[PDB]
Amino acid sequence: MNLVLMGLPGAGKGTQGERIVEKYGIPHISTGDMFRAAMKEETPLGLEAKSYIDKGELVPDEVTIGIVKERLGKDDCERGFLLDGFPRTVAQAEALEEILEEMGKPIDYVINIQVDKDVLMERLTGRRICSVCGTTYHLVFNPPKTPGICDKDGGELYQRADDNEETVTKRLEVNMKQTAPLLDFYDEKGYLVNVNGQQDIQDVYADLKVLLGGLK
C-alpha cells in the first residue's frame, strides 16, 4: 500500500494520515513533520529548513528529496508507506518516480484531499496542538473538552508558528502555484483520486477506506 497524500494547507492530510496508519500497517512519512522535528531539535536540517518554513515558502527540492529518499529506504517501508505532503512539486514527483521505480514500489493512489481554498484560513488559524503529545484539535471543528488543554494528558495547547493570517496566505499561494501542475502530472499517470475533504473527519475517512481496502 504505497500512497501519497496531497492537499492544500489545512485540507486534512495529517488528520487522515494518522487514521490511515492506525488501521493499515504502513509508516506515516510527513515532510512537514520531519522538518518541524528538525527545527524543534535544532539540527542542521532544521536550521536549513527554518528560513523557508517560517516564511511559508517551500524548502528547496534537493534537500527535501534527499531526506525522503533516505527515509523510504528503511525496513519499515517494505510493505508500503504513506507520504504526506511529498511530493509537493512536479520536480519532486519526477524524482520520486525514479526512486520508487528502482524499489519496485510504485504509487497505488495519489489521494488529493479536495478542500475549497476559501475555508482553509479558518482550518489553520483555529488549529491547536498539544505541547506534550502533539495531538491536534480545532477550536470549532474538533475542540478539546477544556479550551487550551489536551484531553489525553492535560498538556497546554499551542498555535503553530506558521498558522497566522500572513503566513497562511503565503502558504496557500505557494502551494496553489504547484497544485494544478502536480494534479495534471498524476492524473496523466492514471492513479490520482480526488476525495471530498469538506465533510466530517469520520466521513472523509469512510470514503478513504472504500478505496484503501483494495490495497489491504
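Heads up: residue numbers just count along the shown sequence, starting at 1.
Chemist: Between 191 to 199 and 20 to 28, which has the higher average C-alpha B-factor in the PDB entry?
Modeler: Averaged over C-alpha atoms, the B-factors run higher in 191 to 199.
Chemist: Decide which of the stretches 180 to 188 and 166 to 174 has the higher mean C-alpha B-factor, going by the entry.
Modeler: Comparing 166 to 174 with 180 to 188, the higher average CA B-factor belongs to 180 to 188.
Chemist: Sort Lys145, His138, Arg79, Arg88 by C-alpha B-factor from the entry and give me just the highest.
Modeler: Largest recorded C-alpha B-factor: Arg79.
Chemist: Can you tell me whether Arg123 has a C-alpha B-factor in the lowest, middle or highest third compared with the other modelled residues of the same chain?
Modeler: Its C-alpha B-factor belongs to the middle third of this chain's values.
Chemist: Sort the modelled residues of this chain by their C-alpha B factor and say whether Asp84 lands in the lowest, middle or highest third.
Modeler: As the PDB entry reports it, the C-alpha B-factor of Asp84 lands in the lowest third of its chain.
Chemist: Within this chain, which third does the Cα B-factor at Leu72 fall in: lowest, middle or highest?
Modeler: As the PDB entry reports it, the C-alpha B-factor of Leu72 lands in the middle third of its chain.
Chemist: Can you tell me which third, lowest, middle or highest, the CA B-factor of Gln92 falls into for its chain?
Modeler: Its C-alpha B-factor, which the entry lists for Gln92, ranks in the lowest third among residues of this chain.
Chemist: Compared with the other modelled residues in the chain, in which third is the CA B-factor of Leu100?
Modeler: Within its chain, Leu100 is a highest-third residue by C-alpha B-factor, going by the deposited values.
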